[PDB]
Amino acid sequence: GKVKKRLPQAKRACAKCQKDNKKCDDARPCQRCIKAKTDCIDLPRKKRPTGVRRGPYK
DNA sequence: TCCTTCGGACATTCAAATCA
DNA sequence: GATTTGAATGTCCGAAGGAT
Ligand SMILES: [Zn+2]
Ligand SMILES: [Zn+2]
């Protein structure tokens with residue numbers, strides 16, 4: 001029954017953290033961009049459209 | 001040793017589907 | 001209308017190999 005627990009996620013990951021698959025944080029610039037001395041950039045998330053059927057549930 | 005890369009486990013998003 | 005479902009979507013651990 002290995003379902004490991006994680007610490008709270010960053011609310012949103014900046015572009016560099018998304019690309020690196022590394023942990024972001026909630027301040028801007030994030031810690032990883034502070035360390036790299038690079039610009040910390042937020043990108044838009046995909047928004048689910050309405051009208052897409054799923055089929056019956058259980 | 002530090003840094004970069006990344007497969008896939010852990011977690012979130014939210015309209016559809018279902019309930020009441 | 002209110003609550004539940006669950007695939008799409010998002011986050012980032014931990015391992016491997018490269019860089020310094
Ligand atoms: Zn970040
Ligand atoms: Zn950043």
Side-chain angles (χ1 to χ4, degrees):
Chain A
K2 172 171 185 161
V3 185
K4 295 202 308 146
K5 287 335 276 193
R6 286 179 153 192
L7 288 165
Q9 287 185 172
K11 320 287 269 145
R12 319 173 40 104
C14 74
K16 177 173 169 58
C17 286
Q18 291 169 335
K19 166 162 180 302
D20 295 335
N21 290 9
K22 291 283 170 201
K23 187 161 177 43
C24 200
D25 62 85
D26 291 346
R28 289 283 179 273
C30 75
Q31 163 71 195
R32 299 201 61 252
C33 289
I34 291 172
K35 291 208 236 262
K37 279 187 303 264
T38 52
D39 285 326
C40 186
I41 303 167
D42 280 308
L43 302 171
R45 298 179 160 183
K46 287 167 75 59
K47 313 312 197 159
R48 181 188 312 149
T50 73
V52 176
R53 299 227 174 241
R54 307 183 82 199
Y57 296 159
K58 57 180 146 226

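Below, chains carry the letters A, B, ... as their sequence lines are ordered, and counting in each starts from 1.
Atoms NZ (A:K58) and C1' (C:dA7) sit 13 Å apart, rounded to a whole Å. Going from atom CZ of A:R32 over to atom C1' of C:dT11 covers 13 Å, rounded to whole Å. Rounded to a whole Å, the CG atom of A:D25 is 13 Å from the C1' atom of C:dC12.
Put simply, the side chain of A:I34 reaches to within 4.5 Å of the side chain of A:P29, judged on heavy atoms. Contact annotation: the side chain of A:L43 approaches that of A:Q18 to within less than 4.5 Å [non-hydrogen atoms, C-beta and beyond]. The side-chain heavy atoms of A:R28 and A:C14, taken from C-beta on, include a pair separated by under 4.5 Å. At least one side-chain heavy atom of A:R45 sits less than 4.5 Å from a side-chain heavy atom of A:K47.
Remark: the backbone N or O of A:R12 is not paired with any side-chain donor or acceptor of A:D42 at under 3.5 angstrom.
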Protein-nucleotides 13-16 of chain C N/O pairs under 3.5 Å:
residue : atom : partner : partner atom : Å
C:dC13  : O4'  : A:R6    : NH2          : 3.0
C:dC13  : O3'  : A:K4    : NZ           : 3.4
C:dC13  : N4   : A:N21   : O            : 3.0
C:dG14  : OP1  : A:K4    : NZ           : 2.5
C:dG14  : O6   : A:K22   : NZ           : 2.8

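The residue A:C17 sits apart from the nucleic acid: no heavy atom pair falls under 4.0 Å.
Going from atom NZ of A:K23 over to atom SG of A:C30 covers 11.0 Å, rounded to the nearest 0.5 Å.
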side-chain contact (heavy atoms from CB on, under 4.5 Å) for A:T38 and A:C33? Distances and angles first, verdict last. CA-CA 5 Å; A:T38 52; A:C33 289; 4.0 Å; yes
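The environment of CG in A:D26 is crowded: more than 12 heavy-atom neighbours from other residues, nucleotides or ligands sit within 6.0 Å.
Residue whose closest nucleotide on DNA chain C sits further toward the 5' end, between A:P44 and A:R48: A:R48. DNA chain B is contacted by both A:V3 and A:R53; A:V3 maps to the nucleotide lying nearer its 5′ end (nearest heavy atom per residue).
Contacts between chain A and DNA chain B, taken as any atom within less than 4.0 angstrom of a protein heavy atom, begin and end at B:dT5 to B:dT18.
Distances shorter than 4.0 Å separate some side-chain N or O of A:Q18 from OP1 or OP2 on C:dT11.
Residue side chain A:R12 does not reach the base of C:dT11 through any donor-acceptor N/O pair under 3.5 Å, judged by distance alone. At a cut-off of 3.5 angstrom, counting only N and O atoms as typed in the model, there is no donor on one side facing an acceptor on the other between the side-chain of A:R45 and the base of C:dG10.
A pairwise comparison of heavy atoms in A:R32 and A:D20 identifies NH1-OD2, 2.8 Å as the closest pair.
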